$ cat my_file31.pdb   # PDB, C-alpha atoms
ATOM      1  CA  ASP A2052      28.319   3.505  75.811
ATOM      2  CA  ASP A2053      29.020   3.603  72.058
ATOM      3  CA  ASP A2054      31.355   1.244  70.143
ATOM      4  CA  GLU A2055      32.524  -2.221  71.270
ATOM      5  CA  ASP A2056      31.881  -1.272  74.906
ATOM      6  CA  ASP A2057      33.393  -3.555  77.565
ATOM      7  CA  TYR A2058      36.027  -4.924  75.147
ATOM      8  CA  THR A2059      37.588  -8.255  76.199
ATOM      9  CA  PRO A2060      41.161  -9.438  75.510
ATOM     10  CA  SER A2061      41.836 -13.183  75.818
ATOM     11  CA  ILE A2062      44.597 -15.818  75.799
ATOM     12  CA  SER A2063      44.677 -19.621  76.196
TER      13      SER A2063
ATOM     14  CA  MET B   1      55.102   9.777  62.690
ATOM     15  CA  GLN B   2      56.767  11.949  65.362
ATOM     16  CA  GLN B   3      55.861  15.264  67.077
ATOM     17  CA  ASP B   4      53.499  16.000  64.152
ATOM     18  CA  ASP B   5      49.851  17.119  64.259
ATOM     19  CA  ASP B   6      49.044  13.415  63.900
ATOM     20  CA  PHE B   7      48.844  13.305  67.696
ATOM     21  CA  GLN B   8      45.486  15.123  67.530
ATOM     22  CA  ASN B   9      43.776  11.938  66.301
ATOM     23  CA  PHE B  10      45.296   9.971  69.196
ATOM     24  CA  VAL B  11      44.188  12.730  71.593
ATOM     25  CA  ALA B  12      40.639  12.935  70.192
ATOM     26  CA  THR B  13      40.382   9.128  70.443
ATOM     27  CA  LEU B  14      41.465   9.245  74.102
ATOM     28  CA  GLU B  15      39.044  12.129  74.686
ATOM     29  CA  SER B  16      36.356  10.007  73.019
ATOM     30  CA  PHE B  17      36.872   7.508  75.850
ATOM     31  CA  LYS B  18      36.525  10.290  78.452
ATOM     32  CA  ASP B  19      33.170  11.148  76.861
ATOM     33  CA  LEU B  20      31.762   7.643  77.539
ATOM     34  CA  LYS B  21      30.215   6.573  80.870
ATOM     35  CA  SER B  22      31.923   3.156  80.711
ATOM     36  CA  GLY B  23      35.111   4.786  79.379
ATOM     37  CA  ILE B  24      35.712   1.621  77.300
ATOM     38  CA  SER B  25      35.518   1.649  73.478
ATOM     39  CA  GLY B  26      36.916  -1.481  71.812
ATOM     40  CA  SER B  27      37.098  -0.230  68.206
ATOM     41  CA  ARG B  28      38.503   3.189  69.173
ATOM     42  CA  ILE B  29      40.921   1.498  71.581
ATOM     43  CA  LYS B  30      42.064  -0.604  68.594
ATOM     44  CA  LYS B  31      42.356   2.564  66.436
ATOM     45  CA  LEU B  32      45.025   4.315  68.506
ATOM     46  CA  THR B  33      46.505   0.907  69.424
ATOM     47  CA  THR B  34      46.985   0.086  65.734
ATOM     48  CA  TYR B  35      48.510   3.479  64.906
ATOM     49  CA  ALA B  36      50.829   3.012  67.893
ATOM     50  CA  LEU B  37      51.839  -0.389  66.458
ATOM     51  CA  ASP B  38      52.332   1.085  62.983
ATOM     52  CA  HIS B  39      54.624   3.669  64.639
ATOM     53  CA  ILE B  40      56.425   3.045  67.943
ATOM     54  CA  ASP B  41      58.256   6.333  67.219
ATOM     55  CA  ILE B  42      55.510   8.130  69.193
ATOM     56  CA  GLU B  43      55.411   5.642  72.106
ATOM     57  CA  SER B  44      56.669   8.518  74.277
ATOM     58  CA  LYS B  45      53.502  10.636  73.846
ATOM     59  CA  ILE B  46      51.339   7.489  73.829
ATOM     60  CA  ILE B  47      52.625   6.220  77.176
ATOM     61  CA  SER B  48      52.193   9.749  78.538
ATOM     62  CA  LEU B  49      48.488   9.700  77.601
ATOM     63  CA  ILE B  50      47.665   6.302  79.142
ATOM     64  CA  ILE B  51      49.281   7.114  82.496
ATOM     65  CA  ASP B  52      47.689  10.584  82.548
ATOM     66  CA  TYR B  53      44.272   9.281  81.440
ATOM     67  CA  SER B  54      44.375   6.321  83.841
ATOM     68  CA  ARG B  55      45.375   8.515  86.800
ATOM     69  CA  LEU B  56      42.965  11.449  86.290
ATOM     70  CA  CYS B  57      39.929   9.744  84.749
ATOM     71  CA  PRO B  58      36.932   8.255  86.653
ATOM     72  CA  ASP B  59      36.689   4.654  87.860
ATOM     73  CA  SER B  60      35.061   3.262  84.693
ATOM     74  CA  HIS B  61      37.596   5.166  82.570
ATOM     75  CA  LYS B  62      40.342   3.601  84.720
ATOM     76  CA  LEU B  63      38.984   0.193  83.639
ATOM     77  CA  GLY B  64      39.067   1.426  80.027
ATOM     78  CA  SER B  65      42.573   2.840  80.520
ATOM     79  CA  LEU B  66      43.758  -0.652  81.461
ATOM     80  CA  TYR B  67      42.083  -2.077  78.335
ATOM     81  CA  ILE B  68      44.072   0.369  76.231
ATOM     82  CA  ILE B  69      47.286  -0.332  78.177
ATOM     83  CA  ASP B  70      46.633  -4.065  77.767
ATOM     84  CA  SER B  71      46.114  -3.753  74.011
ATOM     85  CA  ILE B  72      48.973  -1.353  73.229
ATOM     86  CA  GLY B  73      51.162  -2.723  76.032
ATOM     87  CA  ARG B  74      51.161  -6.389  75.047
ATOM     88  CA  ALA B  75      51.137  -5.622  71.335
ATOM     89  CA  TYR B  76      54.250  -3.459  71.829
ATOM     90  CA  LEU B  77      56.219  -6.201  73.553
ATOM     91  CA  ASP B  78      54.838  -8.822  71.125
ATOM     92  CA  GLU B  79      55.585  -6.740  68.002
ATOM     93  CA  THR B  80      59.100  -5.849  69.147
ATOM     94  CA  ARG B  81      59.553  -9.492  70.237
ATOM     95  CA  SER B  82      58.630 -10.404  66.635
ATOM     96  CA  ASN B  83      60.611  -7.606  64.942
ATOM     97  CA  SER B  84      63.873  -5.614  64.875
ATOM     98  CA  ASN B  85      62.085  -2.928  66.930
ATOM     99  CA  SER B  86      63.555  -4.725  69.981
ATOM    100  CA  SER B  87      67.025  -3.571  68.836
ATOM    101  CA  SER B  88      66.727   0.180  68.181
ATOM    102  CA  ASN B  89      66.831   3.562  69.984
ATOM    103  CA  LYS B  90      65.532   3.566  73.579
ATOM    104  CA  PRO B  91      62.596   6.007  73.137
ATOM    105  CA  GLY B  92      60.365   5.008  70.219
ATOM    106  CA  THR B  93      60.279   1.291  71.141
ATOM    107  CA  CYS B  94      58.848  -1.165  73.662
ATOM    108  CA  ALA B  95      62.145  -0.692  75.504
ATOM    109  CA  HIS B  96      61.358   2.795  76.822
ATOM    110  CA  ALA B  97      57.610   2.142  76.748
ATOM    111  CA  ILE B  98      57.647  -0.882  79.073
ATOM    112  CA  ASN B  99      60.378   0.879  81.069
ATOM    113  CA  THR B 100      58.187   3.946  81.665
ATOM    114  CA  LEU B 101      55.198   1.877  82.754
ATOM    115  CA  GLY B 102      57.467  -0.338  84.881
ATOM    116  CA  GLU B 103      57.903   2.581  87.327
ATOM    117  CA  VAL B 104      54.324   3.913  87.451
ATOM    118  CA  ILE B 105      52.069   0.893  86.718
ATOM    119  CA  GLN B 106      51.751   0.730  90.524
ATOM    120  CA  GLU B 107      49.927   4.093  90.425
ATOM    121  CA  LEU B 108      47.503   3.091  87.669
ATOM    122  CA  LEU B 109      46.589  -0.327  89.070
ATOM    123  CA  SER B 110      46.528   0.500  92.803
ATOM    124  CA  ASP B 111      44.324   3.541  92.190
ATOM    125  CA  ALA B 112      42.154   1.608  89.737
ATOM    126  CA  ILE B 113      41.540  -1.172  92.279
ATOM    127  CA  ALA B 114      40.641   1.401  94.941
ATOM    128  CA  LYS B 115      38.475   3.446  92.527
ATOM    129  CA  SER B 116      36.803   0.666  90.511
ATOM    130  CA  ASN B 117      34.043  -1.729  91.638
ATOM    131  CA  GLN B 118      34.450  -5.482  92.296
ATOM    132  CA  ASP B 119      33.436  -6.385  88.730
ATOM    133  CA  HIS B 120      35.956  -3.855  87.413
ATOM    134  CA  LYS B 121      38.580  -5.266  89.817
ATOM    135  CA  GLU B 122      37.968  -8.632  88.134
ATOM    136  CA  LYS B 123      38.382  -7.217  84.607
ATOM    137  CA  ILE B 124      41.759  -5.844  85.687
ATOM    138  CA  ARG B 125      42.536  -9.196  87.263
ATOM    139  CA  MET B 126      42.061 -11.192  84.060
ATOM    140  CA  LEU B 127      44.204  -8.489  82.414
ATOM    141  CA  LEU B 128      46.995  -9.301  84.916
ATOM    142  CA  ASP B 129      46.882 -12.994  83.969
ATOM    143  CA  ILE B 130      46.863 -11.916  80.304
ATOM    144  CA  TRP B 131      49.962  -9.812  81.045
ATOM    145  CA  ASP B 132      51.670 -12.779  82.749
ATOM    146  CA  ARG B 133      50.912 -14.771  79.581
ATOM    147  CA  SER B 134      52.453 -12.029  77.410
ATOM    148  CA  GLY B 135      55.445 -11.636  79.752
ATOM    149  CA  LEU B 136      55.214  -7.831  80.185
ATOM    150  CA  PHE B 137      57.860  -6.794  82.742
ATOM    151  CA  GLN B 138      55.515  -4.279  84.467
ATOM    152  CA  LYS B 139      54.779  -6.976  87.116
ATOM    153  CA  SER B 140      54.989  -4.467  89.997
ATOM    154  CA  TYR B 141      52.465  -6.717  91.821
ATOM    155  CA  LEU B 142      53.283  -5.126  95.212
ATOM    156  CA  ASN B 143      50.752  -5.042  98.071
ATOM    157  CA  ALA B 144      49.629  -1.641  96.740
ATOM    158  CA  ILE B 145      48.050  -3.585  93.859
ATOM    159  CA  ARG B 146      46.111  -5.644  96.426
ATOM    160  CA  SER B 147      44.722  -2.312  97.680
ATOM    161  CA  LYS B 148      43.573  -4.069 100.876
ATOM    162  CA  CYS B 149      43.499  -0.660 102.627
ATOM    163  CA  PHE B 150      40.607   0.665 100.532
ATOM    164  CA  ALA B 151      38.995  -2.770 100.933
ATOM    165  CA  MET B 152      38.935  -2.282 104.727
ATOM    166  CA  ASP B 153      37.617   1.270 104.155
ATOM    167  CA  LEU B 154      34.466  -0.334 102.669
ATOM    168  CA  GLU B 155      31.887  -2.955 103.684
ATOM    169  CA  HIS B 156      32.359  -6.593 102.623
ATOM    170  CA  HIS B 157      30.958 -10.075 103.298
ATOM    171  CA  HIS B 158      31.843 -13.630 102.207
ATOM    172  CA  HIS B 159      30.483 -15.884 104.983
TER     173      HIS B 159
END
$ encode --input "my_file31.pdb" --output "structure tokens"
Amino acid sequence: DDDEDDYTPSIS
Amino acid sequence: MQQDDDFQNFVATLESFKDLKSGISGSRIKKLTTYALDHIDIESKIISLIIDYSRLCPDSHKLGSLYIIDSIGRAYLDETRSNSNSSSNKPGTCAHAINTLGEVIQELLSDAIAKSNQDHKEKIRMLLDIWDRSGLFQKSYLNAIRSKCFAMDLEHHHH
């Protein structure tokens, strides 16, 4: 809801 | 640093996830993830909160539990892989932390696949590839992680 909702990690 | 009242901030951050409908909170996730990196000495209570949150919490919070576990989990192996923290006491390092998850990650994932929706299943799935890139040993990718039982318990189509 609040904040960086649905955060996403990533790597090549 | 240890069994101090510092834990309260880590608890209230976790509780702040429980308060959300999506259960995800990227900056807050990074807050307790960064304090966990600054101090592996409390990995014991930290690992206890992710497994307990991920098991009890709702389906969206299970997705968010795996975001936390991905952030703190990989960063623990990476940091210790980059530092002398890979050669210290068992508890209070990635050693006991990845060891603890290595025996129960099957509970968190299998339940999360069965509880979470197809889009959430995919977020976890990219997290598994991200964990295979990091090399985390918690690769308990048994058929329970496929959760094909709860998939047959529900409607589906692809033809």
$ resolve_selection --input "my_file31.pdb" --expression "the ChimeraX specification (/A :<7) & /B" --output "list in words"
residues 20, 21, 22, 24, 25, 26, 27 and 130 of chain B
$ residues_around --input "my_file31.pdb" --residues "residue 71 (chain B)" --least-positions-apart "2" --cutoff "8 Å" --atoms "only C-alpha atoms" --output "JSON, numbers by chain"
{"A": [2060], "B": [29, 30, 33, 67, 68, 69, 73, 74, 75]}
$ closest_residue --input "my_file31.pdb" --among "B:52, B:59, B:153, B:103" --to "residue 115 (chain B)" --atoms "only C-alpha atoms"
B:59
$ atom_distance --input "my_file31.pdb" --atom1 "CA of residue 101 (chain B)" --atom2 "CA of residue 40 (chain B)"
14.9 Å
$ atom_distance --input "my_file31.pdb" --atom1 "CA of residue 112 (chain B)" --atom2 "CA of residue 10 (chain B)"
22.4 Å
$ closest_residue --input "my_file31.pdb" --among "B:47, B:12, B:104, B:63" --to "residue 92 (chain B)" --atoms "all atoms listed in the file"
B:47
$ residues_around --input "my_file31.pdb" --residues "residue 111 (chain B)" --least-positions-apart "2" --cutoff "10 Å" --atoms "only C-alpha atoms" --output "PDB file with C-alpha atoms, keeping the file's coordinate frame"
ATOM      1  CA  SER B  54      44.375   6.321  83.841  1.00  0.00           C
ATOM      2  CA  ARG B  55      45.375   8.515  86.800  1.00  0.00           C
ATOM      3  CA  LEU B  56      42.965  11.449  86.290  1.00  0.00           C
ATOM      4  CA  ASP B  59      36.689   4.654  87.860  1.00  0.00           C
ATOM      5  CA  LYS B  62      40.342   3.601  84.720  1.00  0.00           C
ATOM      6  CA  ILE B 105      52.069   0.893  86.718  1.00  0.00           C
ATOM      7  CA  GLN B 106      51.751   0.730  90.524  1.00  0.00           C
ATOM      8  CA  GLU B 107      49.927   4.093  90.425  1.00  0.00           C
ATOM      9  CA  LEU B 108      47.503   3.091  87.669  1.00  0.00           C
ATOM     10  CA  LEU B 109      46.589  -0.327  89.070  1.00  0.00           C
ATOM     11  CA  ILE B 113      41.540  -1.172  92.279  1.00  0.00           C
ATOM     12  CA  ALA B 114      40.641   1.401  94.941  1.00  0.00           C
ATOM     13  CA  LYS B 115      38.475   3.446  92.527  1.00  0.00           C
ATOM     14  CA  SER B 116      36.803   0.666  90.511  1.00  0.00           C
ATOM     15  CA  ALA B 144      49.629  -1.641  96.740  1.00  0.00           C
ATOM     16  CA  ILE B 145      48.050  -3.585  93.859  1.00  0.00           C
ATOM     17  CA  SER B 147      44.722  -2.312  97.680  1.00  0.00           C
ATOM     18  CA  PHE B 150      40.607   0.665 100.532  1.00  0.00           C
TER      19      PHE B 150
END
$ resolve_selection --input "my_file31.pdb" --expression "the PyMOL selection byres ((chain B and resi 127) around 9)" --output "PyMOL selection string"
(chain A and resi 2060-2061) or (chain B and resi 66-67+70+122-126+128-132)
$ atom_distance --input "my_file31.pdb" --atom1 "CA of residue 142 (chain B)" --atom2 "CA of residue 157 (chain B)"
24.3 Å
$ resolve_selection --input "my_file31.pdb" --expression "the PyMOL selection byres ((chain B and resi 91) around 10)" --output "count of residues only"
16
$ build_atoms --input "my_file31.pdb" --residues "chain A" --atoms "N, CA, C and O atoms" --output "PDB file, in the frame of the given file"
ATOM      1  N   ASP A2052      29.654   3.133  76.317  1.00  0.00           N
ATOM      2  CA  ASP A2052      28.319   3.505  75.811  1.00  0.00           C
ATOM      3  C   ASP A2052      28.204   3.116  74.339  1.00  0.00           C
ATOM      4  O   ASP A2052      27.500   2.169  73.998  1.00  0.00           O
ATOM      5  N   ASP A2053      28.906   3.862  73.483  1.00  0.00           N
ATOM      6  CA  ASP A2053      29.020   3.603  72.058  1.00  0.00           C
ATOM      7  C   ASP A2053      30.121   2.565  71.813  1.00  0.00           C
ATOM      8  O   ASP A2053      30.807   2.163  72.753  1.00  0.00           O
ATOM      9  N   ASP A2054      30.288   2.142  70.555  1.00  0.00           N
ATOM     10  CA  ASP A2054      31.355   1.244  70.143  1.00  0.00           C
ATOM     11  C   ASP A2054      31.280  -0.121  70.837  1.00  0.00           C
ATOM     12  O   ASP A2054      30.328  -0.424  71.553  1.00  0.00           O
ATOM     13  N   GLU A2055      32.307  -0.945  70.612  1.00  0.00           N
ATOM     14  CA  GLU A2055      32.524  -2.221  71.270  1.00  0.00           C
ATOM     15  C   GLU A2055      32.803  -1.983  72.753  1.00  0.00           C
ATOM     16  O   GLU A2055      33.914  -2.208  73.232  1.00  0.00           O
ATOM     17  N   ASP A2056      31.783  -1.524  73.480  1.00  0.00           N
ATOM     18  CA  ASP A2056      31.881  -1.272  74.906  1.00  0.00           C
ATOM     19  C   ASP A2056      32.213  -2.566  75.647  1.00  0.00           C
ATOM     20  O   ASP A2056      31.862  -3.655  75.197  1.00  0.00           O
ATOM     21  N   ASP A2057      32.894  -2.433  76.787  1.00  0.00           N
ATOM     22  CA  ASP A2057      33.393  -3.555  77.565  1.00  0.00           C
ATOM     23  C   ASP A2057      34.148  -4.575  76.708  1.00  0.00           C
ATOM     24  O   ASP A2057      33.863  -5.770  76.751  1.00  0.00           O
ATOM     25  N   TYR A2058      35.118  -4.089  75.925  1.00  0.00           N
ATOM     26  CA  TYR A2058      36.027  -4.924  75.147  1.00  0.00           C
ATOM     27  C   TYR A2058      36.653  -6.010  76.031  1.00  0.00           C
ATOM     28  O   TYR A2058      36.801  -5.823  77.237  1.00  0.00           O
ATOM     29  N   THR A2059      37.025  -7.150  75.437  1.00  0.00           N
ATOM     30  CA  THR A2059      37.588  -8.255  76.199  1.00  0.00           C
ATOM     31  C   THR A2059      38.767  -8.888  75.469  1.00  0.00           C
ATOM     32  O   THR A2059      38.574  -9.533  74.436  1.00  0.00           O
ATOM     33  N   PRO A2060      39.994  -8.717  75.984  1.00  0.00           N
ATOM     34  CA  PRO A2060      41.161  -9.438  75.510  1.00  0.00           C
ATOM     35  C   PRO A2060      41.092 -10.877  76.016  1.00  0.00           C
ATOM     36  O   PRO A2060      40.363 -11.165  76.964  1.00  0.00           O
ATOM     37  N   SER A2061      41.841 -11.792  75.395  1.00  0.00           N
ATOM     38  CA  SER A2061      41.836 -13.183  75.818  1.00  0.00           C
ATOM     39  C   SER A2061      43.095 -13.903  75.352  1.00  0.00           C
ATOM     40  O   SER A2061      43.713 -13.516  74.362  1.00  0.00           O
ATOM     41  N   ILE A2062      43.461 -14.960  76.084  1.00  0.00           N
ATOM     42  CA  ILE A2062      44.597 -15.818  75.799  1.00  0.00           C
ATOM     43  C   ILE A2062      44.283 -17.206  76.351  1.00  0.00           C
ATOM     44  O   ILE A2062      43.586 -17.318  77.358  1.00  0.00           O
ATOM     45  N   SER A2063      44.791 -18.257  75.701  1.00  0.00           N
ATOM     46  CA  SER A2063      44.677 -19.621  76.196  1.00  0.00           C
ATOM     47  C   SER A2063      45.682 -19.836  77.329  1.00  0.00           C
ATOM     48  O   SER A2063      46.846 -20.159  77.003  1.00  0.00           O
TER      49      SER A2063
END
